[PDB]
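# Structure assessment
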Amino acid sequence: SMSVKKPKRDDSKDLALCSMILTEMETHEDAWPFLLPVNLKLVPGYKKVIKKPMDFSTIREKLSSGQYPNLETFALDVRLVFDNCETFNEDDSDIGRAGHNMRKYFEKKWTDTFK
């Protein structure tokens with residue numbers, strides 16, 4: 001509350017560490033469905049169904065331009081990429097399996113880096 005604060009967690013490395021995680025996601029072999037925005041002209045149904053499209057390149061631009069106020073907003077966009085993927089793709093498809101794998105990969109890096 002006013003003049004009553006928990007001890008200050010060091011957040012000065014968060015930007016660099018989120019960049020490193022994102023590099024590792026970008027370079028994973030199953031990253032291909034997620035690297036670029038879904039082409040809303042060429043993929044029927046995507047525009048209407050997925051209210052908030054997200055992809056790694058868009059996260060990279062937002063990161064590089066100070067559009068994440070803190071590490072939680074960064075994790076919310078990463079998770080959005082995988083939540084979108086599950087919304088649009090069957091579990092038993094290459095892209096559906098890609099999303100589950102990437103989410104797992106992300107969550108481990110996240111826990112090991114910050115928890």
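Residues numbered from 1 in each chain as written, not as in the entry; some residues may be left out. Heavy atoms only, no water. Residues with missing side-chain atoms left out of burial classes, pairs and counts.

Method of determination, as annotated in the archive: X-ray crystallography, at 1.7500 Å resolution.

### Details of the overall build of the protein chain
Stated precisely, the cut-off is as follows: A run of DSSP states H or I qualifies as a helix once it reaches four residues; a run of E qualifies as a strand once it reaches two. Both are numbered from the N-terminal end. Note on contacts: a residue pair qualifies if any of its non-hydrogen atoms lie within 4.5 Å across the two residues.
A tally of regular secondary structure across the protein chain gives five helices and zero strands. Reading the protein chain from its N terminus to its C terminus gives the helix and strand order α-α-α-α-α. Expressed along its principal axes, the backbone C-alpha trace of the protein chain runs to roughly 55 × 25 × 25 Å. Contacts in the protein chain between residues far apart in sequence, at least 24 positions, make up 67% of those at least 6 positions apart.

### So, the pattern of salt bridges
Which entries qualify depends on this criterion: The working definition used for a salt bridge is a side-chain nitrogen of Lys or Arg within 4 Å of a carboxyl oxygen of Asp or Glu. Burial classification: accessible surface area is computed with a 1.4 Å probe over protein chains only, and a residue below 20% of its type maximum counts as buried, one above 50% as exposed, and the rest as partly exposed.
The full count for this structure, using the stated rule, is nine salt bridges. A salt bridge links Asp14 to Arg9, with the shortest nitrogen-to-oxygen separation between them at 2.9 Å. Look at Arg9 and you get partly exposed, because its relative accessible area is 48%. A salt bridge links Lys108 to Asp112, with the nearest nitrogen and oxygen atoms 2.6 Å apart. Of this pair, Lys108 and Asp112 both sit in helix α5 (residues 94-114), four residues apart, which is roughly one turn of that helix. Classification of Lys108 as exposed rests on a relative accessible area of 54%. Within this structure, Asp83, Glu86 and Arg103 form a network of salt bridges that share partners.

### Notes on the side chain of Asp30
Heads up, the condition is: Neither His nor the chain ends contribute to the count of charged residues, in which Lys and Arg are positive and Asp and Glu negative.
By the element assignment, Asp30 lies in the loop between α1 (14-27) and α2 (46-49). Within the buried core, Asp30 has no salt-bridge partner, and the shortest N-O distance to an opposite charge, that of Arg97, equals 8.5 Å. Not counting residues up to four positions away in its chain, the partners in contact with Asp30 are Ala98, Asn101 and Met102.

### Focus: the environment of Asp94
Mapped onto the elements of the fold, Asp94 is located in helix α5. It is 9.3 Å that separates the C-alpha atoms of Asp94 and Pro33, two residues lying 61 residues apart in sequence.

### Some thoughts on the packing of helix α4 (residues 71-88) against α5
Just so we agree on the cut-off: Axis geometry follows a simple rule: fit a line to the C-alpha atoms, using only the stretch in contact for helices, then measure angles between N-to-C directions, giving values from 0 to 180 degrees. An angle counts as roughly parallel when it lies under 35 degrees, as roughly antiparallel when it exceeds 145, as roughly perpendicular when it falls between 65 and 115, and as oblique in every other case. Crossings are classed by handedness, with left-handed meaning an anticlockwise turn of the near helix from the far one by less than a right angle and right-handed meaning a clockwise turn. The nonpolar class holds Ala, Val, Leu, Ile, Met, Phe, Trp, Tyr, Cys and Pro. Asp, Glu, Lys and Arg form the charged class, and all remaining residues, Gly among them, are polar.
One way to put it is that α4 packs onto α5 with a least axis distance of 8 Å and a crossing angle of 160°. One way to sum up the angle between α4 and α5 is to call them roughly antiparallel. Two packed elements cross with a definite hand, and for α4 against α5 that hand is left-handed. Facing α4, whose interface residues are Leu71, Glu72, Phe74, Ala75, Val78, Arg79, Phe82, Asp83, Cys85 and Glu86, α5 presents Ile95, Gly96, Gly99, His100, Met102, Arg103, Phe106, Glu107, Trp110 and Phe114. When its residues are assigned to classes, the contact of α4 with α5 shows 11 nonpolar, three polar and six charged.

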